[PDB]
Amino acid sequence: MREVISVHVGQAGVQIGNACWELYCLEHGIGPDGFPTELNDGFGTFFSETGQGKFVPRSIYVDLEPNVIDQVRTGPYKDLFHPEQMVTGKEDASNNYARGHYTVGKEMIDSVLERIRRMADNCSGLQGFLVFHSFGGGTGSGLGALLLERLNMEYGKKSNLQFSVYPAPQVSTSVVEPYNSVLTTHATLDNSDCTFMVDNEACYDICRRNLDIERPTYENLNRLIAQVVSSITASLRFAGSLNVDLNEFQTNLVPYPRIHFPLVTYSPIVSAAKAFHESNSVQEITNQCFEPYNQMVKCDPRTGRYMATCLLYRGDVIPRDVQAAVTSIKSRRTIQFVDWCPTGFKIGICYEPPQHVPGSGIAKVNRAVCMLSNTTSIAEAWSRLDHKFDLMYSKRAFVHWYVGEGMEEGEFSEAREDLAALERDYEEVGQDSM
Amino acid sequence: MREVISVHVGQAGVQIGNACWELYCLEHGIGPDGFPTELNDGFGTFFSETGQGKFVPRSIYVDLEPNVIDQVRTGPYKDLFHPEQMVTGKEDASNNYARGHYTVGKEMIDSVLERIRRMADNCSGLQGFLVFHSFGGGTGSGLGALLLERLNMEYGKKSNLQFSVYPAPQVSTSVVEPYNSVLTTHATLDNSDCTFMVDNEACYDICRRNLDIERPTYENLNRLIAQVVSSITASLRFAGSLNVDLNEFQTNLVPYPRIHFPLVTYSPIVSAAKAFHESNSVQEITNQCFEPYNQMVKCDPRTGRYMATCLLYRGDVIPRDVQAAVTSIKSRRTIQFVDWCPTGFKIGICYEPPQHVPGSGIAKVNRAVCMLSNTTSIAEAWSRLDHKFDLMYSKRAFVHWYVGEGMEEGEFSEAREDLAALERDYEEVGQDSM
Amino acid sequence: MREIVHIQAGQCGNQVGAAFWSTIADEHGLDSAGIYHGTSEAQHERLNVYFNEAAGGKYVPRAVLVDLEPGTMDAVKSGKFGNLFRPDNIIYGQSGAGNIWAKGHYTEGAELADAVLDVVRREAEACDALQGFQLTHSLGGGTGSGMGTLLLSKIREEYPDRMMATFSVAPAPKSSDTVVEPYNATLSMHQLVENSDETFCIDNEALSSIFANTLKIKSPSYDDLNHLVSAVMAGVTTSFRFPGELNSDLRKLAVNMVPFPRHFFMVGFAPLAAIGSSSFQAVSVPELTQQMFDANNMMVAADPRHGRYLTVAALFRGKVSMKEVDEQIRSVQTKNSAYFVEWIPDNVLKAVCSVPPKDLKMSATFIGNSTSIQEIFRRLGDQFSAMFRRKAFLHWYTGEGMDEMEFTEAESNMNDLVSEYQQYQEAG
Amino acid sequence: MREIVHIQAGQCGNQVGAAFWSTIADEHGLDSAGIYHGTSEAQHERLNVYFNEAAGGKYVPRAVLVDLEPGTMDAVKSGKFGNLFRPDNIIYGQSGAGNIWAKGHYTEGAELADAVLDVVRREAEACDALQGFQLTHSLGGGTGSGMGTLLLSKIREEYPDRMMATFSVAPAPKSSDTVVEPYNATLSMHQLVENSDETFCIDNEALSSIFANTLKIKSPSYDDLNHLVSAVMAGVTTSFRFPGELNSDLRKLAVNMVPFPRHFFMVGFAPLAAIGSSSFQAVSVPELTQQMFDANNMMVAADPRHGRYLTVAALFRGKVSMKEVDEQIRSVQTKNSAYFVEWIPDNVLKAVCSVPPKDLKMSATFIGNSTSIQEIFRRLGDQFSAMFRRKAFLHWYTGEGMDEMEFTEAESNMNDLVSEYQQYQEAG
Ligand SMILES: Nc1nc2c(ncn2[C@@H]2O[C@H](COP(=O)(O)OP(=O)(O)OP(=O)(O)O)[C@@H](O)[C@H]2O)c(=O)[nH]1
Ligand SMILES: Nc1nc2c(ncn2[C@@H]2O[C@H](COP(=O)(O)OP(=O)(O)OP(=O)(O)O)[C@@H](O)[C@H]2O)c(=O)[nH]1
Ligand SMILES: Nc1nc2c(ncn2[C@@H]2O[C@H](COP(=O)(O)OP(=O)(O)O)[C@@H](O)[C@H]2O)c(=O)[nH]1
Ligand SMILES: Nc1nc2c(ncn2[C@@H]2O[C@H](COP(=O)(O)OP(=O)(O)O)[C@@H](O)[C@H]2O)c(=O)[nH]1
């Protein structure tokens with residue numbers, strides 16, 4: 001029934017879903033115990049129902065700590081999952097790719113791959129599957145890149161989307177974020193169909209200004225990423241006006257099979273007192289979604305030229321206010337060019353109003369915009385990595401703790417090389433002549 | 001919709017608007033919380049409405065103190081503005097032009113210039129914009145002259161009106177009022193389309209006689225300047241008899257691009273017991289508006305000859321009592337001549353009766369007159385400055401505190417020079433022969 | 001949020017804290033225990049200036065009380081208000097200063113300077129934005145006169161944009177403390193002029209005239225003396241520390257005053273009365289202005305009638321207009337027009353603050369500039385040089401590490417000041 | 001379930017148990033009697049680490065208290081907490097060690113090593129999955145310095161995957177215990193570097209500076225000394241032993257730190273105050289970060305200002321954001337940018353744990369790496385070699401079974417360490 005399943009690897013991938021499924025349960029009238037209900041196809045979208053009326057969130061959980069996973073069974077969602085799907089690991093050596101890849105994380109895979117299997121044995125209309133991890137993780141970067149490479153080895157043509165999160169230009173969470181993150185874009189290069197990545201320090205930068213909270217937390221950043229998920233997924237789980245499929249993105253974002261790193265821009269994100277004294281019409285939002293204040297990734301998309309961008313709108317939207325807005329962006333100097341598409345857009349309309357969770361300080365709105373922007377500038381955080389990662393490798397710093405876990409440095413020899421073609425690819429698209 | 005926006009820089013520009021918008025909220029039936037209403041186009045004139053029914057006063061606030069700005073959020077208008085538009089500064093070095101211009105005030109500009117931008121993105125019928133500052137301020141003189149010079153650099157043909165206030169012939173508020181005021185007429189010479197200026201000690205002189213209060217305050221002077229604003233602006237925001245646009249002034253006051261310093265004369269200003277025992281007909285007012293007792297600027301407009309003068313009438317007015325009055329002024333000896341316009345008038349009629357705020361001791365009236373008078377005498381307060389300012393510069397008094405903030409004295413070398421051409425311009429218009 | 005970190009030095013340089021800090025707490029509605037008790041909501045929006053916020057409302061006074069001898073330091077510790085200051089900022093040495101300048105400036109403070117700067121640095125960057133620093137000390141002694149100056153020159157070598165403002169107290173014309181009080185005064189001025197901007201000069205003997213001439217008490221003590229001159233430290237920040245209509249700041253009170261880098265001017269109060277002299281007046285601005293005219297309401301032991309007013313700033317608090325000051329300033333600038341400086345027409349600065357002080361409907365703070373502050377230094381200079389002719393008490397300085405001709409330099413430094421004030425007494 | 005078995009050695013190497021174990025019980029809500037008394041449900045899900053479950057809630061501390069002389073062993077037996085440890089794991093010999101290394105390393109421990117390993121083996125395989133082993137001992141003595149090292153090398157020859165982590169205490173720069181304390185230090189480092197990964201170095205004299213400089217007590221005793229440095233053994237497992245938001249483990253704190261097999265770095269606390277210095281602050285992360293900067297809050301008797309920071313991990317507990325650390329770490333990494341190592345941009349590790357300690361709203365544990373830990377060993381090496389020139393006290397070692405040139409080897413072992421830290425002080 002046009003259904004898809006979301007894996008969760010890495011301690012980020014734990015807590016990301018703890019906002020995603022919270023939004024998912026509120027976007028269908030699902031009680032937190034799974035036994036719901038204090039559209040027609042909507043009531044069975046992400047959920048393989050039992051006749052008891054409660055239903056399983058079609059997910060999985062992968063972690064090698066028992067620490068953060070068992071917080072869920074302590075937490076209020078103790079009846080949501082089931083203790084087969086929630087596969088833990090008894091021990092861990094995280095921040096260690098090549099044993100989370102090649103030694104310790106591989107012992108979970110045959111237990112993991114079985115649970116992929118039977119959940120693919122009910123979802124008759126299967127639309128690929130969804131991947132959550134981080135780069136700041138070891139094992140989520142580690143097992144996650146290993147997770148795709150056998151699944152796309154199995155499932156062939158099936159869809160492979162992932163929302164990633166990478167170490168910031170300014171604040172790391174660990175020193176291994178040069179090392180045990182930048183190599184994982186090898187396996188996820190040719191196994192992820194499309195992918196998406198986001199910055200904490202950019203998302204924190206939104207929190208001090210558009211949320212205006214001095215001391216936020218992960219959870220508020222978790223809630224902000226989570227609506228971008230349901231802006232894409234649950235839009236086809238609701239009968240809109242111009243429906244947008246999952247498969248439409250991966251054919252409306254890449255001219256070439258490598259270039260599948262768009263942006264994320266979500267708007268309006270408006271604080272409590274800020275929604276009052278303000279009318280946020282649709283062009284009032286879209287003039288913000290090209291300004292860097294609502295920008296998810298700490299980069300310079302102003303300087304680069306945009307390539308192709310799909311948009312997703314929620315709530316009460318007319319296409320006339322789209323075309324009155326979008327004819328002003330293409331006129332405006334703040335974008336200059338695409339050469340390879342004289343249109344460069346994909347417009348999509350779903351009627352479901354933006355869901356407003358009660359706890360956090362986000363404010364309610366009657367219209368929404370999600371933006372997935374390909375550009376000629378996003379390789380600079382990659383070039384940040386090349387400035388970083390080639391410096392660490394100019395000293396050979398615990399190559400032993402990449403070697404002693406069971407892998408020679410030939411992939412580190414391959415590491416910047418595949419990165420170099422990524423830099424070469426954006427200047428290749430940067431070639432704009434006759 | 002023929003709409004315009006008013007900036008507020010300087011501590012004068014703070015408190016001036018606190019009378020202006022108070023008058024604005026009473027002249028449309030706007031509750032003080034913004035949520036109004038305890039003409040047709042009138043209900044959306046200065047105001048970009050939200051669907052909630054409260055609406056934003058299209059203004060901005062610029063100050064480098066947090067002191068007087070935060071009095072508003074303490075004060076009763078705490079829900080009127082919104083805390084983006086009200087941009088403060090965390091620290092200040094005021095009475096210091098060339099760091100309020102060149103060091104400390106410039107760090108706010110990119111935050112300011114963004115808020116100019118989006119408010120220009122809803123006001124489809126834009127008629128330039130309005131500027132409030134002072135000369136007795138440092139930073140309002142400082143950032144204000146800097147505020148115009150990029151906006152008129154951006155907006156080109158757009159209208160630039162400002163109501164200024166200059167240091168008196170007799171009572172200063174600071175010693176820097178020779179220094180950090182008289183230079184600001186450089187940048188505002190070629191960036192202000194028209195401008196207007198007024199004296200406290202002249203406006204205080206009205207308060208002891210026409211208001212008859214021994215101890216007034218700024219607030220009463222704020223209320224008196226404020227009706228001159230709405231006599232010009234809200235006259236086109238009301239369906240009158242012979243409508244007067246903002247653009248009509250700047251083409252009916254200047255024969256030459258420099259000469260844009262008219263007078264202000266507002267009448268009747270009549271105390272409480274004075275309105276009783278008195279009928280103030282329209283020619284009873286216009287015979288007062290050429291007498292120096294209701295005169296806003298402590299100068300000698302009797303001695304000088306008038307150049308060209310537009311008039312604005314409020315309330316129940318016939319043009320026959322205009323022409324019966326105005327044929328007596330041109331007959332009377334107390335004006336002698338224009339040479340360059342044998343008519344020298346512009347008449348304008350709006351029906352809206354004069355708004356009477358409850359608190360202050362001003363009295364209600366059923367007809368009103370506003371006067372904008374160009375003359376051959378207004379350069380004498382400028383000549384007061386040349387008597388003052390060339391004396392300070394005959395000692396070089398904290399040139400260091402013009403230098404150490406980051407500007408050489410070449411503009412002080414230019415200071416009297418541009419002033420000298422202003423004096424040269426009035427004798428140039430003073431040339432009246434064949 | 002435009003904030004100040006406070007520095008004291010010397011015995012009586014530390015005595016002024018209690019007259020300062022108990023008033024500024026009372027001016028901000030704050031108890032001995034530090035926890036909050038205030039009536040209006042008016043006294044908060046600029047409360048952050050002289051106070052670092054704390055856990056549980058404690059609101060610590062940002063101060064560092066500095067001394068060389070532990071005599072008087074425990075007195076405010078063991079007395080009352082022993083829970084206002086945090087004792088990490090209480091530092092003090094044990095060996096005596098002997099109130100000898102280079103003993104206090106050059107060498108014994110150098111035993112304690114290494115502990116000084118690591119205190120004020122972590123205080124500085126924990127502030128939002130420094131407005132400036134206050135140094136209150138003595139000119140006559142050794143600890144406040146010496147150690148704070150070396151303390152100053154390091155800070156002025158660290159924060160060249162941040163304003164340095166100092167209070168100090170004068171040698172007396174007649175009621176002097178010690179005999180090296182000439183040397184300490186000259187040596188203190190060698191660092192005040194070169195490093196900091198502004199310094200004010202308060203004679204204790206002219207302060208002793210105030211309760212003698214005006215308040216009519218035969219026998220006041222120092223806890224009444226500092227209590228009076230406290231409120232000008234309140235008065236200079238009265239404009240600043242809670243709202244009003246117009247008011248400016250000490251940096252704005254710096255650039256308006258002097259046309260040169262040479263910054264010294266006067267201090268006075270308004271109003272002022274005796275015990276039984278309280279209710280027999282009509283307290284108002286004409287009552288205020290005339291106690292802003294005499295030398296009798298001043299602090300400097302020098303005649304403005306011998307001098308000439310360079311620039312004037314007035315700082316009112318209370319319900320007060322402008323025209324009540326305007327018509328009154330014009331009433332006294334005309335009869336005393338030769339008393340003004342003709343380099344500047346209208347050197348008057350007006351600043352109107354809102355709330356009144358305790359039990360007084362109005363209050364004003366006097367800032368007027370002079371040419372006759374050389375009447376200090378001429379009275380200093382021949383008091384200085386006559387104790388150089390025989391090299392008086394010279395071995396208590398060169399027996400500590402300073403060259404004698406370095407002491408001769410500060411004479412010309414004093415004479416470089418007077419050479420300008422020679423001119424603007426009668427020139428132009 | 002990621003668990004640790006504990007090993008002590010030596011007199012003061014056994015003294016640290018009570019400061020450890022009474023805190024970790026109190027950190028886990030556990031009494032003297034062993035039976036459970038805890039408030040929250042937060043303190044259970046990782047309780048299994050330092051404790052083997054028992055019958056009737058007893059919850060035995062997994063520990064083996066090891067010594068060569070029965071002087072101080074009965075003291076914690078006959079004192080309080082005599083029912084925490086199980087006496088099967090209490091082993092101790094009777095003949096004196098004489099605190100001579102090879103007497104304690106090579107021969108008298110070999111009388112007791114056969115009873116050692118059969119204790120820890122049955123402890124090991126009764127655990128679920130070993131996370132690692134802790135060795136706490138001395139560098140200066142003989143029992144802890146000698147017998148634990150031979151004890152270590154057998155365990156590292158049995159469990160090559162399992163992490164070996166050690167705590168030890170330094171010889172003093174000035175307040176030394178004995179005169180063979182140079183020899184014991186060199187000989188201990190010959191086994192620490194070769195077998196185990198990480199070792200930390202705590203000067204008692206710098207620890208004596210802490211209550212002297214910071215907490216202001218003239219006369220603390222060792223039961224206050226170990227009580228302070230206890231909580232870093234709590235602090236390194238603070239991240240681990242109950243939940244949070246991010247936290248990693250000691251093996252994850254091993255691979256992030258050093259780019260080589262050469263593992264030594266520093267220890268400090270946050271916050272820290274005196275008795276009356278408690279409430280006069282605002283305890284927060286800017287309060288935390290500056291007590292994570294000075295050498296005064298460190299433990300090593302070596303200057304980070306003489307050194308350079310290789311890598312930094314920070315371990316917070318309490319309500320704490322990231323940006324409060326982020327903006328503050330950026331505020332101090334910029335002014336001290338030359339103090340970092342330019343081999344690695346952003347060598348900062350952040351880890352945020354949940355619950356606060358007893359009566360303190362926040363707490364932080366300092367891990368910073370240095371180049372100037374050679375300032376120990378250079379101070380050791382010439383303290384070592386000068387007592388080799390005349391073969392000082394040599395017959396109390398070669399009169400026990402070790403060749404003298406085997407003692408010469410450990411000099412180059414020390415010099416092999418310094419040769420690298422010679423480079424990264426100034427290279428790259
Ligand atoms: N849980 C969580 N992690 C986040 C969040 N935002 C960013 N992160 C990153 O997620 C990474 C978490 O992975 P780890 O720190 O390695 O924790 P872990 O259990 O060892 O994760 P694995 O390495 O995959 O086992 C961190 O590096 C952070 O940079 C968030 O909101 N929640
Ligand atoms: N607020 C206010 N100011 C007035 C009024 N009338 C005249 N002024 C002048 O406005 C000036 C106010 O600016 P400032 O005194 O410098 O106060 P400020 O906050 O430092 O202003 P900036 O220099 O722009 O920052 C004063 O010098 C007065 O001379 C009035 O009615 N209200
Ligand atoms: N502020 C103040 N100063 C005083 C008072 N009484 C005396 N003085 C002066 O303050 C100085 C006190 O000397 P002292 O503080 O010991 O000098 P020190 O060496 O710097 O500490 C002397 O120069 C006195 O002239 C007083 O009550 N208040
Ligand atoms: N941990 C700790 N060590 C101490 C203390 N006091 C002294 N020491 C050091 O610990 C060692 C005590 O010697 P000892 O335990 O007998 O050495 P042993 O031969 O290995 O048992 C000496 O090297 C002292 O320098 C203390 O309070 N705590």
# chains A, B, ... in the order shown; residues from 1 in each chain; ligands from 1
call {"tool": "residues_around", "arguments": {"residues": "residue 228 of chain A", "least_positions_apart": "4", "cutoff": "7 Å", "atoms": "only C-alpha atoms", "output": "JSON, numbers by chain"}}
result
{"A": [232, 266, 370]}
call {"tool": "write_last_selection", "arguments": {"atoms": "N, CA, C and O atoms", "output": "PDB file, in the first residue's frame"}}
result
ATOM      1  N   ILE A 232       8.198  15.073   3.681  1.00  0.00           N
ATOM      2  CA  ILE A 232       8.399  14.283   2.480  1.00  0.00           C
ATOM      3  C   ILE A 232       7.545  13.033   2.488  1.00  0.00           C
ATOM      4  O   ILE A 232       6.805  12.774   1.538  1.00  0.00           O
ATOM      5  N   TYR A 266      13.684  24.506   5.766  1.00  0.00           N
ATOM      6  CA  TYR A 266      12.363  24.365   6.339  1.00  0.00           C
ATOM      7  C   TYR A 266      11.935  25.687   6.940  1.00  0.00           C
ATOM      8  O   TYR A 266      12.706  26.334   7.651  1.00  0.00           O
ATOM      9  N   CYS A 370       8.660  22.992   2.571  1.00  0.00           N
ATOM     10  CA  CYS A 370       9.912  22.256   2.669  1.00  0.00           C
ATOM     11  C   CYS A 370      10.675  22.372   1.361  1.00  0.00           C
ATOM     12  O   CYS A 370      10.077  22.303   0.285  1.00  0.00           O
TER      13      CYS A 370
END
call {"tool": "interface_residues", "arguments": {"of": "chain C", "to": "chain D", "cutoff": "8 Å", "atoms": "only C-alpha atoms", "output": "VMD selection string"}}
result
chain C and resid 53 to 55 58 60 86 to 88 126
call {"tool": "interface_residues", "arguments": {"of": "chain A", "to": "chain D", "cutoff": "10 Å", "atoms": "only C-alpha atoms", "output": "PyMOL selection string"}}
result
chain A and resi 11-12+15+65-68+70-71+74+89-96+138+169-178+201+204-205+208+214-219+387-389+391-401
call {"tool": "interface_residues", "arguments": {"of": "chain B", "to": "chain A", "cutoff": "8 Å", "atoms": "only C-alpha atoms", "output": "list in words"}}
result
residues 49, 50, 51, 54, 55, 56, 79, 80, 81, 82 and 83 of chain B
call {"tool": "write_last_selection", "arguments": {"atoms": "N, CA and C atoms", "output": "compact mmCIF listing (two decimals), in the first residue's frame"}}
result
# COMPACT_ATOMS: atom_id res chain seq x y z
N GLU B 49 -1.67 44.21 7.81
CA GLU B 49 -2.49 43.45 8.74
C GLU B 49 -2.20 41.96 8.67
N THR B 50 -2.31 41.32 9.82
CA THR B 50 -2.44 39.87 9.86
C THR B 50 -3.90 39.52 9.99
N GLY B 51 -4.20 38.25 9.73
CA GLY B 51 -5.57 37.78 9.84
C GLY B 51 -6.09 37.72 11.25
N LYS B 54 -5.12 42.25 14.80
CA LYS B 54 -4.13 43.22 15.21
C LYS B 54 -3.16 43.45 14.06
N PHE B 55 -2.46 44.57 14.08
CA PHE B 55 -1.60 44.87 12.95
C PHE B 55 -0.38 45.67 13.34
N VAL B 56 0.65 45.50 12.53
CA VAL B 56 1.95 46.08 12.81
C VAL B 56 1.96 47.52 12.35
N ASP B 79 2.33 45.36 23.18
CA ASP B 79 1.92 44.44 22.13
C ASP B 79 1.81 45.12 20.78
N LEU B 80 2.26 46.36 20.66
CA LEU B 80 2.01 47.05 19.41
C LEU B 80 3.03 46.67 18.37
N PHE B 81 4.29 46.69 18.73
CA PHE B 81 5.37 46.51 17.78
C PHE B 81 5.61 45.01 17.61
N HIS B 82 6.76 44.63 17.08
CA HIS B 82 7.17 43.25 17.29
C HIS B 82 8.67 43.21 17.49
N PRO B 83 9.16 42.28 18.30
CA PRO B 83 10.60 42.28 18.62
C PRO B 83 11.49 41.73 17.53
call {"tool": "select_by_dssp", "arguments": {"residues": "segment 54-190 of chain C", "states": "strand (DSSP E)", "output": "ChimeraX atom specification"}}
result
/C:60-61,63-67,91-92,130-138,163-169
